[PDB]
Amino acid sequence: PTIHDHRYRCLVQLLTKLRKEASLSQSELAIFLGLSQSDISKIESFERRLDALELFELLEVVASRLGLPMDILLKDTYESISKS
């Protein structure tokens, strides 16, 4: 079943964009999350949910590849979520 929540979908889209900017293929990102490339493809197409731990794991490798501090990445990601 397709995941429909708007805020959730927007968050995954942003994270997908982060992955790409970090020059991470779906296969490469999967390695850091204890997942398969297929699992990542399903997450990015909203067929499977990205869990709370995987969120941190993704931001951690993105932060490392781009040379960005985690506190800023985390805060910005949080703030990207529309509160209204």
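Residue positions are given as counts along the sequence shown, with the first one as 1.
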>> On mean Cα temperature factor in this entry, is 37-45 or 52-60 the higher one?
In response: 37-45
> By the record's CA B-factor, is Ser23 among the lowest, middle or highest third of residues in the chain?
Replying inline: highest
>> Lowest, middle or highest third: which one holds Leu66 when the chain's residues are ordered by CA B-factor from the entry?
In response: highest
>> Please place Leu73 in the lowest, middle or highest third of its chain according to the CA B-factor in the PDB entry.
In response: middle
